[PDB]
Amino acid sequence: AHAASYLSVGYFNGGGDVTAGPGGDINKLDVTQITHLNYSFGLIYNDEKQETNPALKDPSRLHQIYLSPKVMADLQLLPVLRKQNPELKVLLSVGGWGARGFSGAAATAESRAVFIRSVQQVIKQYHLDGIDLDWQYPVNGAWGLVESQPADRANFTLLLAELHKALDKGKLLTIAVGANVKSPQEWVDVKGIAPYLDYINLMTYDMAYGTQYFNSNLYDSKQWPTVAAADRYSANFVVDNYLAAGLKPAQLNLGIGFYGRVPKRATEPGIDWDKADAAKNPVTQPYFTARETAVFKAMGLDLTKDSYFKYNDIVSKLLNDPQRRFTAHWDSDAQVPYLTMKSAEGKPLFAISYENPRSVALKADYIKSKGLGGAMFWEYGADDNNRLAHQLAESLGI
């Protein structure tokens, strides 16, 4: 009798990100192509002994939200953006990869109250529509990158329950959750937190690790198969794991990456920790020689430290490389594009996978077919003349 209404939630790296690098220019975004903007990131003043940002170490603001000068400046421009799209909803995202402070902020009644008061303050001062919590990750701590404890799982539920109670009705409360299967199994009580959340952003990307070639494949590749079971991920696999945990599809946004990654398999041996015979590890070996790593290093990508490549840089530096070193291909099973470069032998070497307009449209088709609530994307500053966001808007009828 009537058509569906989908979300398109665009993260924007405005203040800087540990993996994605310095923040970008908010004036370049087309805010008519999205329903929600997650401005990223607020940080958390914390007492973690390994914290290296001294501004977060101010003991008199422990557990409150830190906004850098650029973040404050961008947030003051929101009235201008709203004039271009009066329906736009703007949230502040607190956290991100490597962001400390959540475990301590969630731990006690007193600490949660300080954090919640700070959220309300930031929402009121900048006239925000709500708050997105991007904790990577409760319990696991991103494998020790941030402090964590097993009590984080129950403390996160209490923090969300108490924030939902404190926030004015009509303000939004959302979270991002990881692709790892252990997230719904061990880190986050998805069934217990669902009543408090307007929607949940699934980070269905960053899969190009271990023995897996693809960073954001919708389904598993067969031409370029992942070897170790513990590395075998796809956006669909992640969705099904969250559904099996008890989330309803309409509450979920499928995360879409406006970037690619050079797979770790290209430069580091891949280990299958479930191998019965340890003598058979590593099960994959690097296939980049110094020549290939030097190509990326000259473009500013040091593969010894990171593998993230913005989509607009894929277009300008790889697709349109003057020397024509990269050939684009389509993986019909994975439903995403990828690039190869030629080895000395003339053998094609899998260089990077990413998302193009075709693959974004196919992820929108999945959203519509599976009954998900919408799309989310990381991140708007990495789009190429707003083209991927525009494709999502067209495919979802935004």
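Each residue number is its position in the shown sequence, starting from 1.
- Mean CA temperature factor is higher for 293 to 301 when stretches 155 to 163 and 293 to 301 are set side by side in the entry.
- Annotation for 111 to 119 versus 92 to 100: the higher mean temperature factor (C-alpha) is found in 111 to 119.
- In this structure the maximum Cα B-factor among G178, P322, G257, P263 is found at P322.
- Of the candidates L372, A55, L43, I352, it is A55 whose Cα B-factor is highest according to the PDB record.
- Per the deposited record, the Cα B-factor of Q212 falls in the lowest third when ranked against the other modelled residues of its chain.
- In this PDB entry, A278 carries a Cα temperature factor that places it within the highest third of its chain's modelled residues.
- The entry lists a Cα temperature factor for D132 that places it in the lowest third of the chain's modelled residues.
- When all modelled residues of the chain are sorted by CA temperature factor, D231 is found within the lowest third.
- In the PDB entry, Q391 places in the middle third of its chain by CA B-factor.
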